[PDB]
Amino acid sequence: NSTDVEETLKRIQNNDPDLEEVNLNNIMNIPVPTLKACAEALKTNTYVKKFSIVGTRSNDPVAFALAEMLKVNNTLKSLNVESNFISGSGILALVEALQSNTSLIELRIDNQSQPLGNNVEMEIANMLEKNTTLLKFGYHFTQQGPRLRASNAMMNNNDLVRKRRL
Ligand SMILES: [Zn+2]
């Protein structure tokens, strides 16, 4: 990944119309403050459609910052925070943000360092049922109950798109 992180941050902040996709995947020396800055910048950015920070050694502070962003941003379509060190608290914050977001259609939280746990999984399933705009959720539920409810929620949301198309 040869992405210029600082330049990318600047473009997000300036709402550069040519920046539709941000991929910071596998860049392992990005300071958390910089990732936090990207999240803050996205609050007012209207052109970035995809934001990915897979394997960036991100943690809860970054997840919470992105959760705040999701409640304000109404243009980002896909957020990927896979393979990081976000805890169940950080992940729950991201999913909870969906209660007040109708733009995001894809949220990938899969493969953090630690497991979420049944209690977090159950709350997530509940949240996915309260949001009707998300179409893809990147995560493999360990528990059957939450797994089926989430599978059904995503199927329902996708059916909505089909019924309202054109
Ligand atoms: Zn998984």
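Residues numbered from 1 in each chain as written, not as in the entry; some residues may be left out. Heavy atoms only, no water.

This entry lists X-ray crystallography as its structure determination method and reports a resolution of 1.45 Å.

The protein carries the name TROPOMODULIN in the PDB entry, which gives Gallus gallus as its organism. Per the header of the deposited record, the title is "CRYSTAL STRUCTURE OF TROPOMODULIN C-TERMINAL HALF".

As for the overall build of the protein
Rule in force here: In DSSP terms, a helix is any run of H or I states spanning at least four residues, a strand is any run of E spanning at least two, and both are numbered starting from the N terminus. Each radius of gyration reported is based on C-alpha atoms, and the globular scaling rule is 2.2 Å times the count of residues to the power 0.38. We call a residue buried when its accessible area falls under 20% of the maximum for its residue type, exposed when it is over 50%, and partly exposed in between, using a 1.4 Å probe and counting protein chains only. Whether two residues are in contact is decided by their heavy atoms: any pair within 4.5 Å suffices. Only the protein chains shown count as covering a residue, and every accessible area follows the Shrake-Rupley method with a 1.4 Å probe.
The helix and strand inventory of the protein stands at 6 helices and 5 strands. For a compact globule of 166 residues, the expected C-alpha radius of gyration is about 15 Å, and the protein comes in at 15 Å, within 12% of that figure. Within the protein, the fraction of its 166 residues that count as buried is 49%. Sequence separation of 24 or more characterises 77% of the internal contacts of the protein that already satisfy a separation of 6 or more. Working note: accessible area of the protein is about 8,300 Å², and carbon and sulfur atoms make up 48% of it.

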